[PDB]
Each structure stands twice: as C-alpha cells, then as structure tokens.
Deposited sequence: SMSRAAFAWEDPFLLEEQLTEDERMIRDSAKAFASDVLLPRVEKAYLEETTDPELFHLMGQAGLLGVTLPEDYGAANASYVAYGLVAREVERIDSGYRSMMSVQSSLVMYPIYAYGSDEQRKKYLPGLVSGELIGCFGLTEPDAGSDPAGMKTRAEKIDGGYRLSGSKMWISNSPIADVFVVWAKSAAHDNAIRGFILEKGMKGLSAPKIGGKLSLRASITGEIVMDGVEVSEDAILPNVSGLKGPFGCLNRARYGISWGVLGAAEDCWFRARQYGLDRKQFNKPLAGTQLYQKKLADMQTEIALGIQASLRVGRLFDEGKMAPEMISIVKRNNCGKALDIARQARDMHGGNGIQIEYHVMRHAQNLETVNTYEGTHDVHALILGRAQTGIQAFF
C-alpha cells in the first residue's frame, strides 16, 4: 500500500479543497516571493495581503478568504517554512491586530480598518506589554474626556510599532471602573509616537515603543465588545495557535534539508543517510512532525467548532516549538548548511516568546491539579 514518507499520516486527505487551495497559494507565494529574499519591508505586507494571505479567517465582507483556522495554520506553516520572521509578520497583523478589531470592534471599526489590514496596505501593531517587565496591572490609562478618551502611557517591545498605521492599545479605562479596554489609535494622532528600539532578533522584523502623551480619541475608538485580560489574551492565544503550525513548517524544512544533505553527501561510497545513526535521526524528525501536525490540526478543528480552550493551545505551542527546535538542532549537528542554521537560530527565539516552555508546562500543571506553581 502507498506510503508517502513526506506525509506519513496523509494530512492531504484530512483537508478540504479550500484548505488545500489556500495552502497552495501560500506555498506559491513563499517559493516565488519569500524564498528569493532569504537566498523589514512595508511593501512585503502589501504583497502578502494581495496574495490573500493576511487574515484568512475573516469574512469576505472585508476582502478576506473567509477560511478555517486549519487554513490559517496551513498558511503559517508554508510561510515559516521559508522563515519565522515572515510568519511573525502574519501572527501580528492577523491574530494580534485584525482579530481583536473584528471580534471586539464595532461595525464602523470593522469597515474602516479591516479591508486595509487584509490587503497589507495598512500595517498594525499590538500594544500590551509595558516597559516595567512582564509584570497584568498595567499603567497605561484612558481618562474619560468630553466626547471620548485621553490615553497616557508607554508600551514597550511592540512588534511593528515604528511602521504601524493602526494601533490596538490595551489600557485601564477610568470610567469603566479601571477595567482593561482596547482602543484603536491611528499613526497621525497628536501625542502618539512609535520610536524604534536599538539592537539587532528575527528577519523582516522591527521593534519599537508606543508613546501616548495625552492622545485624544472619540468614543468610537474604544473596542466595545470586550473587557478585561480576556481581550488581549484571546489574541495571544490565536497567535500561539498559528506559531504551533509555523514551527512545523520550519521543522519540516530542516528535516527535508537534513535528508537531502545526507543523500547528497557520500562517505565510504555510500550516502550518510545510508547509515543507522543518520536514519534514526530522520525517523525521529518524521515522527515528531507527524505527531505535531495531528495535534495542531485537531486544535484548528476545535477552533472552528468553537470548542478551543487556551490550555489546548499551551500543549501544541509548547510541544511543537520544543520538538521543532530539537529537530532544527539535530539537523544542524548532522551537517559539517546555512538555511538549517537560520531556522535553528530562529526557532531558539520562537521557543522563548509567547510563553516559555516551562510557563506552558505550569499552565497545564495548574489545570490538572488546581494548584498554581508559578510562585
């Protein structure tokens, strides 16, 4: 019976036609547009959007693909296959910016921003973390004023803020009894600045601040349909879901390169991949990627059924980032060449962010036992 080593459990037959088509467009884009680059740009967002690869889960009313969370996962996978930096562009734009505008925003808000964000003509950022640390009891405040709000505070380490047109900012809103509310800020607004931050960590990325020096907005700039940490965390959860898929694509790329390198490199008149030690490693890569894909797929399906719980995402994010990083390192060690080293460097960064390996462990730990072990 037929066995596809590159697709052990036949993912291909678990996908809809739309999912396969949308992945194909993602793969063509990655090979034709992303790959030549790897062998930060606002035009690259516009290219991604025009390819229809931004906010794929959003309604056609905004020029989106109206696709499943599974399809979103497939897209991340095809893109991070090229580079995690490119996948990161999509995590921010789609899960951190368009999702909260769509899910928590008004129809006026949906109509103004989403079409521009989907196309990549508008660039967005997500302002939650503040200079203090990872400490949430945030200091950014939104004072109620005649006809709206006045925002004061600083967001720090914000992805794409120095090139953002759209700012989704979380702040304790006076007038909501200090509840955390989401606000949409635009680039030209008075007292709003997004300075870049120094230092070299991923490709195609830029980090900066959001400085709000008494930024005045009307009342329709607040996101009406959400309150509390539930809001930003919903975004983070969806980003992590996409990441759990993306790292599988980079993992695969390392696996395929490790395999091909071992077929191409000869020693004692046989390919390296003709030896047990080498084959054993290829077998472990194949296995872990196959397990990871089935888990993320399952989570995507639950997403679409509306039965996703954030703890599920902790499992696939922690497992897949861990396993993908291990695969990238093993692939690296099997050589001695560049692309495998690049994915590996990327995955070290990816494994760190959006909750560390150990933090997701303790989240799952608390969910099993009812006891928190964070402190």
No C-alpha coords for deposited residues 1 to 4, 44 to 50, 147 to 148, 214, 351 to 356
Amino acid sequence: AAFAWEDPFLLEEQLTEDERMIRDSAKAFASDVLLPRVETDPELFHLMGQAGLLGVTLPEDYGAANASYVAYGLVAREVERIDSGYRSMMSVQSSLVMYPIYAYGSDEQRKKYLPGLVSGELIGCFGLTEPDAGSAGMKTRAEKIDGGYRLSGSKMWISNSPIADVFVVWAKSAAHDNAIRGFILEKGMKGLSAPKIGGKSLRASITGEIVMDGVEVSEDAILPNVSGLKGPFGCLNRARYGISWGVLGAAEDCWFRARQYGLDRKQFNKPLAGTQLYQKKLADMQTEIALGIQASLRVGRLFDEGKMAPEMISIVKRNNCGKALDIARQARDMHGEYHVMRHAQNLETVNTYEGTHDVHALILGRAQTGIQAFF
From here on, numbers count along this sequence of modelled residues.
Higher of the two mean Cα B-factors (173 to 181, 117 to 125; per PDB record) comes from 173 to 181
Going by the entry, of stretches 262 to 270 and 279 to 287 the one with greater average Cα B-factor is 262 to 270
Highest CA B factor of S244, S84, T207, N225, as deposited, is found at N225
When the entry's CA B-factors for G105, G147, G292, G249 are compared, the highest one belongs to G147
Of the three thirds of Cα B-factor ranks in this chain, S152 occupies the highest
Binned into thirds over the chain's modelled residues, the C-alpha B-factor of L364 lands in the highest
Tertile call for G73 (CA temperature factor, within chain, third-based) is the lowest
Of the three thirds of Cα B-factor ranks in this chain, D333 occupies the middle
Of the three thirds of the chain ranked by Cα temperature factor, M212 occupies the middle
